[PDB]
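Okay, query.cif now, which holds mmCIF, C-alpha atoms (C1' of nucleotides):
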data_final
#
loop_
_atom_site.group_PDB
_atom_site.id
_atom_site.type_symbol
_atom_site.label_atom_id
_atom_site.label_comp_id
_atom_site.auth_asym_id
_atom_site.auth_seq_id
_atom_site.Cartn_x
_atom_site.Cartn_y
_atom_site.Cartn_z
ATOM 1 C CA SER A 1 2.263 5.301 -35.044
ATOM 2 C CA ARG A 2 4.907 5.316 -32.297
ATOM 3 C CA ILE A 3 8.071 3.934 -30.711
ATOM 4 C CA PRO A 4 7.764 0.515 -28.993
ATOM 5 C CA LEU A 5 7.511 0.740 -25.212
ATOM 6 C CA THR A 6 10.800 0.056 -23.436
ATOM 7 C CA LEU A 7 11.600 0.109 -19.720
ATOM 8 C CA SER A 8 13.743 3.222 -20.219
ATOM 9 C CA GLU A 9 10.855 5.254 -21.662
ATOM 10 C CA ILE A 10 8.485 4.285 -18.832
ATOM 11 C CA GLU A 11 11.172 5.074 -16.280
ATOM 12 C CA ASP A 12 11.773 8.477 -17.892
ATOM 13 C CA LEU A 13 8.058 9.305 -17.746
ATOM 14 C CA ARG A 14 7.935 8.122 -14.123
ATOM 15 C CA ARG A 15 10.834 10.461 -13.335
ATOM 16 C CA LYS A 16 8.645 13.215 -14.804
ATOM 17 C CA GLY A 17 5.888 12.255 -12.344
ATOM 18 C CA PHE A 18 3.512 10.248 -14.552
ATOM 19 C CA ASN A 19 2.076 6.999 -13.175
ATOM 20 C CA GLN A 20 1.870 3.609 -14.881
ATOM 21 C CA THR A 21 -1.838 3.898 -15.779
ATOM 22 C CA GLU A 22 -1.365 7.240 -17.571
ATOM 23 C CA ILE A 23 1.665 5.827 -19.381
ATOM 24 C CA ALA A 24 -0.445 2.828 -20.380
ATOM 25 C CA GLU A 25 -3.060 5.171 -21.814
ATOM 26 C CA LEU A 26 -0.326 7.058 -23.654
ATOM 27 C CA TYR A 27 0.896 3.891 -25.397
ATOM 28 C CA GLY A 28 -2.530 2.263 -25.772
ATOM 29 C CA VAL A 29 -1.683 -0.716 -23.556
ATOM 30 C CA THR A 30 -2.985 -1.933 -20.211
ATOM 31 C CA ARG A 31 -1.380 -0.845 -16.947
ATOM 32 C CA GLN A 32 -0.442 -4.526 -16.517
ATOM 33 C CA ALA A 33 1.664 -4.272 -19.666
ATOM 34 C CA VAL A 34 3.473 -1.271 -18.114
ATOM 35 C CA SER A 35 3.942 -3.146 -14.814
ATOM 36 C CA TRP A 36 5.325 -6.281 -16.521
ATOM 37 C CA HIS A 37 8.089 -4.287 -18.174
ATOM 38 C CA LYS A 38 9.012 -2.745 -14.792
ATOM 39 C CA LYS A 39 8.866 -6.058 -12.996
ATOM 40 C CA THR A 40 10.775 -7.870 -15.716
ATOM 41 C CA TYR A 41 13.651 -5.407 -16.228
ATOM 42 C CA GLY A 42 14.199 -4.103 -12.691
ATOM 43 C CA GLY A 43 12.499 -0.698 -12.568
ATOM 44 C CA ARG A 44 13.192 1.464 -9.503
ATOM 45 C CA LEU A 45 10.887 1.026 -6.489
ATOM 46 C CA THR A 46 9.079 3.788 -4.605
ATOM 47 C CA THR A 47 9.498 4.074 -0.821
ATOM 48 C CA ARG A 48 6.123 2.352 -0.264
ATOM 49 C CA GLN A 49 7.199 -0.643 -2.362
ATOM 50 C CA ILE A 50 10.452 -0.855 -0.399
ATOM 51 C CA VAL A 51 8.469 -0.851 2.858
ATOM 52 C CA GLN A 52 6.311 -3.607 1.325
ATOM 53 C CA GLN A 53 9.295 -5.855 0.789
ATOM 54 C CA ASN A 54 9.718 -5.839 4.608
ATOM 55 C CA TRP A 55 5.992 -6.053 5.564
ATOM 56 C CA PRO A 56 5.566 -8.364 8.599
ATOM 57 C CA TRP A 57 2.367 -10.288 7.732
ATOM 58 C CA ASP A 58 0.519 -12.224 5.038
ATOM 59 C CA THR A 59 -2.434 -9.868 4.887
ATOM 60 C CA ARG A 60 -5.473 -10.157 2.601
ATOM 61 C CA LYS A 61 -8.500 -8.077 1.914
ATOM 62 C CA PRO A 62 -10.050 -6.432 3.786
ATOM 63 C CA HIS A 63 -7.251 -5.866 6.311
ATOM 64 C CA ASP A 64 -6.111 -2.833 4.313
ATOM 65 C CA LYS A 65 -9.219 -0.975 5.557
ATOM 66 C CA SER A 66 -8.186 -0.898 9.219
ATOM 67 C CA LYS A 67 -6.674 2.387 10.427
ATOM 68 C CA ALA A 68 -3.916 0.437 12.149
ATOM 69 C CA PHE A 69 -2.733 -0.944 8.807
ATOM 70 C CA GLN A 70 -2.715 2.512 7.190
ATOM 71 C CA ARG A 71 -0.952 4.179 10.118
ATOM 72 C CA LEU A 72 1.727 1.494 10.320
ATOM 73 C CA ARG A 73 2.343 1.900 6.604
ATOM 74 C CA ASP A 74 2.781 5.643 7.043
ATOM 75 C CA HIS A 75 5.174 4.996 9.955
ATOM 76 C CA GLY A 76 7.318 2.671 7.851
ATOM 77 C CA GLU A 77 7.423 5.316 5.134
ATOM 78 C CA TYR A 78 8.584 7.941 7.647
ATOM 79 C CA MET A 79 11.377 5.800 9.013
ATOM 80 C CA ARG A 80 12.516 4.960 5.489
ATOM 81 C CA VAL A 81 12.467 8.578 4.251
ATOM 82 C CA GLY A 82 13.518 10.036 7.634
ATOM 83 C CA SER A 83 11.370 13.196 7.574
ATOM 84 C CA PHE A 84 7.832 14.233 6.693
ATOM 85 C CA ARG A 85 8.900 15.969 3.480
ATOM 86 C CA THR A 86 7.272 13.303 1.268
ATOM 87 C CA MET A 87 4.005 13.123 3.233
ATOM 88 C CA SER A 88 0.904 15.240 3.024
ATOM 89 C CA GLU A 89 -0.151 17.272 6.034
ATOM 90 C CA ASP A 90 -2.908 14.729 6.714
ATOM 91 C CA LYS A 91 -0.543 11.753 6.901
ATOM 92 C CA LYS A 92 1.665 13.714 9.304
ATOM 93 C CA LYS A 93 -1.176 14.797 11.630
ATOM 94 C CA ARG A 94 -2.802 11.362 11.700
ATOM 95 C CA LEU A 95 0.512 9.544 12.203
ATOM 96 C CA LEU A 96 1.581 11.858 15.047
ATOM 97 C CA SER A 97 -1.784 11.442 16.768
ATOM 98 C CA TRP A 98 -1.493 7.666 16.389
ATOM 99 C CA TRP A 99 2.031 7.700 17.851
ATOM 100 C CA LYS A 100 0.958 9.874 20.792
ATOM 101 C CA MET A 101 -1.947 7.518 21.519
ATOM 102 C CA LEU A 102 0.255 4.422 21.138
ATOM 103 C CA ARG A 103 3.014 5.813 23.387
ATOM 104 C CA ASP A 104 0.861 7.316 26.164
ATOM 105 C CA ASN A 105 -1.244 4.165 26.677
ATOM 106 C CA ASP A 106 1.798 1.812 26.437
ATOM 107 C CA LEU A 107 0.491 -0.471 23.652
ATOM 108 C CA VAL A 108 1.888 -2.434 20.731
ATOM 109 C CA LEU A 109 -0.019 -3.721 17.682
ATOM 110 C CA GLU A 110 -0.757 -7.454 17.262
ATOM 111 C CA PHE A 111 -1.975 -9.230 14.105
ATOM 112 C CA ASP A 112 -3.931 -12.486 13.962
ATOM 113 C CA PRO A 113 -5.733 -13.239 10.682
ATOM 114 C CA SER A 114 -8.606 -14.996 12.400
ATOM 115 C CA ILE A 115 -9.882 -11.954 14.293
ATOM 116 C CA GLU A 116 -12.914 -10.698 12.384
ATOM 117 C CA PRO A 117 -13.648 -6.960 11.962
ATOM 118 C CA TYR A 118 -15.272 -5.057 14.838
ATOM 119 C CA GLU A 119 -16.152 -1.417 15.596
ATOM 120 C CA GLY A 120 -13.018 0.713 15.268
ATOM 121 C CA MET A 121 -11.194 -1.932 13.205
ATOM 122 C CA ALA A 122 -13.255 -2.177 10.036
ATOM 123 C CA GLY A 123 -10.697 -4.364 8.328
ATOM 124 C CA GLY A 124 -10.312 -6.770 11.238
ATOM 125 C CA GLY A 125 -7.057 -8.617 11.867
ATOM 126 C CA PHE A 126 -5.477 -6.140 14.308
ATOM 127 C CA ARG A 127 -5.695 -5.487 18.053
ATOM 128 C CA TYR A 128 -3.739 -3.402 20.578
ATOM 129 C CA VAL A 129 -2.117 -5.031 23.639
ATOM 130 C CA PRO A 130 0.064 -3.562 26.482
ATOM 131 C CA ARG A 131 3.840 -3.646 25.937
ATOM 132 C CA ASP A 132 6.010 -6.221 27.802
ATOM 133 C CA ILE A 133 9.850 -5.939 27.854
ATOM 134 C CA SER A 134 10.377 -8.458 25.043
ATOM 135 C CA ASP A 135 8.890 -5.789 22.738
ATOM 136 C CA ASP A 136 11.772 -3.337 23.411
ATOM 137 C CA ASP A 137 11.316 -0.318 21.185
ATOM 138 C CA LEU A 138 8.994 -2.042 18.706
ATOM 139 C CA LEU A 139 5.474 -0.738 18.032
ATOM 140 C CA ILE A 140 4.424 -4.256 17.059
ATOM 141 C CA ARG A 141 3.862 -7.586 18.824
ATOM 142 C CA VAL A 142 5.868 -10.534 17.454
ATOM 143 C CA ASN A 143 3.668 -13.656 17.309
ATOM 144 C CA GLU A 144 3.404 -16.882 15.275
ATOM 145 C CA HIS A 145 2.077 -14.920 12.300
ATOM 146 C CA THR A 146 4.781 -12.236 12.288
ATOM 147 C CA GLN A 147 7.793 -12.776 10.005
ATOM 148 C CA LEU A 148 10.353 -10.075 11.023
ATOM 149 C CA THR A 149 13.475 -9.640 8.833
ATOM 150 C CA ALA A 150 16.700 -7.799 9.709
ATOM 151 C CA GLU A 151 15.521 -4.754 7.763
ATOM 152 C CA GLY A 152 12.168 -4.946 9.564
ATOM 153 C CA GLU A 153 13.612 -4.316 13.039
ATOM 154 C CA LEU A 154 14.677 -0.859 11.906
ATOM 155 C CA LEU A 155 11.329 -0.121 10.245
ATOM 156 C CA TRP A 156 9.000 -1.104 13.058
ATOM 157 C CA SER A 157 10.803 0.503 16.054
ATOM 158 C CA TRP A 158 10.281 3.990 17.463
ATOM 159 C CA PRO A 159 12.438 6.768 15.972
ATOM 160 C CA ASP A 160 15.315 7.729 18.250
ATOM 161 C CA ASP A 161 14.077 11.351 18.579
ATOM 162 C CA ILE A 162 10.349 10.512 19.071
ATOM 163 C CA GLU A 163 10.060 12.689 22.196
ATOM 164 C CA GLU A 164 10.957 15.902 20.327
ATOM 165 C CA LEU A 165 8.228 15.570 17.682
ATOM 166 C CA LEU A 166 5.441 15.443 20.296
ATOM 167 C CA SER A 167 5.288 19.009 21.663
ATOM 168 C "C1'" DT B 1 -13.669 24.368 14.698
ATOM 169 C "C1'" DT B 2 -10.435 20.027 14.267
ATOM 170 C "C1'" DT B 3 -10.143 15.021 14.788
ATOM 171 C "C1'" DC B 4 -10.494 10.342 13.321
ATOM 172 C "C1'" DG B 5 -12.715 5.900 11.296
ATOM 173 C "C1'" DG B 6 -14.860 4.167 7.391
ATOM 174 C "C1'" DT B 7 -15.204 3.807 2.590
ATOM 175 C "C1'" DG B 8 -14.421 3.806 -2.615
ATOM 176 C "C1'" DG B 9 -12.045 4.245 -6.657
ATOM 177 C "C1'" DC B 10 -7.727 3.987 -8.506
ATOM 178 C "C1'" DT B 11 -3.025 1.949 -8.832
ATOM 179 C "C1'" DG B 12 0.048 -1.652 -9.289
ATOM 180 C "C1'" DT B 13 1.693 -6.771 -9.260
ATOM 181 C "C1'" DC B 14 1.498 -11.747 -10.107
ATOM 182 C "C1'" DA B 15 0.070 -16.006 -12.365
ATOM 183 C "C1'" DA B 16 -1.439 -18.200 -16.323
ATOM 184 C "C1'" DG B 17 -2.305 -18.106 -21.119
ATOM 185 C "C1'" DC B 18 -2.028 -16.428 -26.323
ATOM 186 C "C1'" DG B 19 -0.001 -14.896 -30.603
ATOM 187 C "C1'" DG B 20 3.807 -13.483 -33.607
ATOM 188 C "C1'" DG B 21 8.003 -14.090 -34.934
ATOM 189 C "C1'" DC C 1 11.402 -20.965 -27.488
ATOM 190 C "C1'" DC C 2 11.000 -16.249 -25.981
ATOM 191 C "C1'" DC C 3 9.051 -11.705 -25.656
ATOM 192 C "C1'" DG C 4 5.426 -8.600 -25.170
ATOM 193 C "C1'" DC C 5 0.917 -8.504 -24.236
ATOM 194 C "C1'" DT C 6 -3.878 -9.142 -22.050
ATOM 195 C "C1'" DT C 7 -7.453 -11.119 -18.551
ATOM 196 C "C1'" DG C 8 -8.706 -11.922 -14.154
ATOM 197 C "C1'" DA C 9 -8.131 -11.626 -9.240
ATOM 198 C "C1'" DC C 10 -6.287 -9.577 -5.102
ATOM 199 C "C1'" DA C 11 -3.642 -6.410 -2.103
ATOM 200 C "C1'" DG C 12 -2.457 -1.818 -1.054
ATOM 201 C "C1'" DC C 13 -2.964 3.477 -1.162
ATOM 202 C "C1'" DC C 14 -4.856 8.091 -0.070
ATOM 203 C "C1'" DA C 15 -8.205 11.930 0.361
ATOM 204 C "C1'" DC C 16 -13.048 12.862 1.218
ATOM 205 C "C1'" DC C 17 -17.266 12.677 4.000
ATOM 206 C "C1'" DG C 18 -19.627 12.903 8.131
ATOM 207 C "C1'" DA C 19 -20.261 12.399 13.242
ATOM 208 C "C1'" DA C 20 -18.282 12.845 17.386
ATOM 209 C "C1'" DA C 21 -15.919 15.476 20.517
#
As structure tokens - that is how I would like this structure written.
Amino acid sequence: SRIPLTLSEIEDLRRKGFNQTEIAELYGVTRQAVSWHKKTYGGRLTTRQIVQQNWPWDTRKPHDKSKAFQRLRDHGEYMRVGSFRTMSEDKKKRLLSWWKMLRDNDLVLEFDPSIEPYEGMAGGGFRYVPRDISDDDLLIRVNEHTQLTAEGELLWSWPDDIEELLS
DNA sequence: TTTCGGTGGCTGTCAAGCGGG
DNA sequence: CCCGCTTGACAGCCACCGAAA
């Protein structure tokens, strides 16, 4: 009825732009079966996954619903890719607006898992505070709940040419 | 009009367990 | 054993909808 599902075949179909769920449907297995093969035999990681390896917090649901979480993810993606070529127009507009707001009001983002959601932060967990010098070029506040790796310092700082993109 | 938060469904990963060599 | 799967639970991702400039 077919050829047993190997990592190479899934990777080939991914290169062709198919995702793991569609591949699972193609081979009559669960997406988890497709994921296991990728996880077990070292399948390439997308930019988002790479950014995830260097994510600064132990977040849960429903933190993923806050706009700060989504915008910071988009920012990490931009710094990793280095241009907007892999982002939709919406991600670009929203990210630039977020940067402009963040820069002009001199704030950095802080995370504390005990803060409960409130109006304008539907996922809870995040809050904006004014930058002090220890923050340098970072868009984030380092606190007891932030684990920042060597790779992370590059991801969570402003781009060097940030002034040119805004006007 | 365009902008921005909130929301939902879909996507993907991990841990533990099962069955066929 | 191990290898390939599935079940269940949780975290993250991205465009659409509507109300507020």
- Return as an MDAnalysis selection string the residues belonging to chain A that are within 8 Å of chain B, counting all atoms listed in the file. chainID A and resid 20:21 31:32 35 65 67 94 120 122
I need the contact residues of chain C against chain A, so if you could list those with any atom within 8 Å, counting all atoms listed in the file, and return them as a PDB file with C-alpha atoms (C1' of nucleotides), keeping the file's coordinate frame, that would help.
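Wrote it out as selection.pdb, contents follow:
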ATOM      1  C1'  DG C   4       5.426  -8.600 -25.170  1.00  0.00           C
ATOM      2  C1'  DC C   5       0.917  -8.504 -24.236  1.00  0.00           C
ATOM      3  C1'  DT C   6      -3.878  -9.142 -22.050  1.00  0.00           C
ATOM      4  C1'  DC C  10      -6.287  -9.577  -5.102  1.00  0.00           C
ATOM      5  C1'  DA C  11      -3.642  -6.410  -2.103  1.00  0.00           C
ATOM      6  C1'  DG C  12      -2.457  -1.818  -1.054  1.00  0.00           C
TER       7       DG C  12
END
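Atom to atom, atom CA of residue 38 of chain A and atom CA of residue 12 of chain A stand 12.0 Å apart.
As for atom CA of residue 152 of chain A and atom CA of residue 109 of chain A, they are spaced 14.7 Å apart.
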- Query: Please, what distance in Å, to one decimal, runs between atom CA of residue 15 of chain A and atom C1' of residue 7 of chain C?
  - Reply: 28.8 Å
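Nearest residue to residue 167 of chain A among A:96, A:87, A:45, A:23 is A:96, counting all atoms listed in the file.
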- Query: Which is closest to residue 14 of chain C among A:135, A:98, A:89, A:157, if we use all atoms listed in the file?
  - Reply: A:89
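The residues returned by the PyMOL selection byres ((chain A and resi 137) around 12) for this structure are residues 103, 106, 107, 108, 131, 132, 133, 134, 135, 136, 138, 139, 140, 141, 153, 154, 155, 156, 157, 158, 159, 160 and 162 of chain A.
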Can I get the selected residues back with C-alpha atoms, as a tab-separated table (two decimals), keeping the file's coordinate frame?
chain	number	residue	atom	x	y	z
A	103	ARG	CA	3.01	5.81	23.39
A	106	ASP	CA	1.80	1.81	26.44
A	107	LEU	CA	0.49	-0.47	23.65
A	108	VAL	CA	1.89	-2.43	20.73
A	131	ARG	CA	3.84	-3.65	25.94
A	132	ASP	CA	6.01	-6.22	27.80
A	133	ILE	CA	9.85	-5.94	27.85
A	134	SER	CA	10.38	-8.46	25.04
A	135	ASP	CA	8.89	-5.79	22.74
A	136	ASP	CA	11.77	-3.34	23.41
A	138	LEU	CA	8.99	-2.04	18.71
A	139	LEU	CA	5.47	-0.74	18.03
A	140	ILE	CA	4.42	-4.26	17.06
A	141	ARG	CA	3.86	-7.59	18.82
A	153	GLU	CA	13.61	-4.32	13.04
A	154	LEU	CA	14.68	-0.86	11.91
A	155	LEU	CA	11.33	-0.12	10.24
A	156	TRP	CA	9.00	-1.10	13.06
A	157	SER	CA	10.80	0.50	16.05
A	158	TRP	CA	10.28	3.99	17.46
A	159	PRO	CA	12.44	6.77	15.97
A	160	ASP	CA	15.32	7.73	18.25
A	162	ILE	CA	10.35	10.51	19.07
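If all atoms listed in the file are the atoms counted, then among A:57, A:27, A:78, A:84 the closest residue to residue 125 of chain A is A:57.
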